[PDB]
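> Sequence first, structure after, both from an experimental entry:
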Amino acid sequence: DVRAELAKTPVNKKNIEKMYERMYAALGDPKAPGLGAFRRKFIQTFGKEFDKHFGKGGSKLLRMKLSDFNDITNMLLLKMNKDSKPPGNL
């Protein structure tokens, strides 16, 4: 959806970061209210790299071009989706 947003118009900063806020509030911060120990794994293994390939607060993503972002997130997913055993029990 940001891969559409970043190409929907000339790049639209406040809104592009609002989506990073959605993402990082969901899946970037380890200090979540009701975080599960399974999902914590993904956060530790990639929240770091969201700070690096994107910026903390989205700064790189706020200016980065879509041909880069597309393959940045493809690369992230190519290593996330590599394997990940879904949790068994609440």
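Received it, and whenever you're ready, just let me know what you need. Numbers count the residues shown, from 1 in each chain.

> I'd guessed residue 58 sits against residue 18; true?
No. Using C-beta atoms under 8 Å, residue 58 is not in contact with residue 18; the gap is 9.1 Å. Any C-beta I mention is one placed from the backbone N, CA and C, and that applies to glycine too.

> More neighbours: those two, which one.
Higher neighbour count among residue 58 and residue 18: residue 58, with 21 against 14, using other C-beta atoms under 10 Å.

> Spatially nearest residue to the more buried one (excluding sequence neighbours)?
Nearest non-adjacent residue to residue 58, counting by C-beta to C-beta, 6 or more residues apart in numbering: residue 20, 3.4 Å away.

> The one you found: what's it in contact with?
2, 54, 57-58, 61 (C-beta atoms under 8 Å, 6 or more residues apart in numbering).

> Would you write a PyMOL line that selects the buried entries of these?
Listed next is the PyMOL selection for buried residues among the contacts of residue 20, using 16 or more other C-beta atoms under 10 Å:
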select buried, resi 2+54+58+61
